[PDB]
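Novice: This one's experimental. Sequence and coordinates below.
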Amino acid sequence: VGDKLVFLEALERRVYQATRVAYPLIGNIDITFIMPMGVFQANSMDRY
Amino acid sequence: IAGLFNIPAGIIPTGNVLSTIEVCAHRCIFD
């Protein structure tokens, strides 16, 4: 990749196989959302 | 009912089994 020679590893069968431990790299991402509910644009030009 | 033969019954095994995975996750197929 690029201009280098790197190892590529996907260890899930040699390690973390048939054990009782979770495999990392499956972390979570928290995302919030925001929505207005009852706004009313008080103007005569935008209520078209 | 089962259990008439010894459960370990250490003898010369017939053949080795593969796919070492979590067997407790599904035990309904077993008797």
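Specialist: All right, it came through fine. Residues are numbered from 1 along each chain as shown, chains lettered A, B, ... in the order given.
Novice: interface residues of chain B facing chain A?
Specialist: Within chain B, the residues that sit near chain A (C-beta under 8 Å from any C-beta of the partner chain) are B:20, B:21, B:22. For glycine as for every other residue, the C-beta is placed from the backbone atoms N, C-alpha and C.
Novice: Can I get these in TSV including neighbour count and secondary structure?
Specialist: Shown next, in TSV, are these (neighbours: other C-beta atoms under 10 Å in any protein chain shown; DSSP: H, G, I helix; E, B strand; the rest coil):
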residue	neighbour count	secondary structure
B:20	9	coil
B:21	9	coil
B:22	10	coil
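Novice: Remind me which helix or strand residue B:27 belongs to.
Specialist: Per DSSP states H and E, residue B:27 falls between elements, in no helix or strand.
Novice: Please tell me how far it sits from chain A.
Specialist: From residue B:27 across to chain A, the span is 15 Å (C-beta to the nearest C-beta, to the nearest Å).
Novice: What is the burial count for that residue?
Specialist: 8 (other C-beta atoms under 10 Å in any protein chain shown).
Novice: between the residues of chain B next to chain A, which is nearest residue A:27?
Specialist: Checking these against residue A:27 by C-beta to C-beta gives residue B:22 as the nearest, at 22.4 Å.
Novice: For the residue nearest to that closest one when sequence neighbours are not counted, give me its contacts.
Specialist: Spatially, and ignoring its direct neighbours in sequence, residue B:22 is nearest to residue A:18 (5.4 Å; C-beta to C-beta, 6 or more residues apart in numbering or on different chains). Applying C-beta atoms under 8 Å, 6 or more residues apart in numbering or on different chains to residue A:18 gives the contacts B:20, B:21, B:22.
Novice: Apply 10 Å and report the result again.
Specialist: B:19, B:20, B:21, B:22, B:23, B:25 (C-beta atoms under 10 Å, 6 or more residues apart in numbering or on different chains).
Novice: ditto for residue A:21
Specialist: For residue A:21, the contacting residues are residue A:15, by C-beta under 10 Å, 6+ apart.
Novice: roughly how far apart are it and residue B:22?
Specialist: Using C-beta to C-beta, to the nearest Å, residue A:21 is found at 12 Å from residue B:22.
Novice: Same check on residue A:16?
Specialist: 12 Å.
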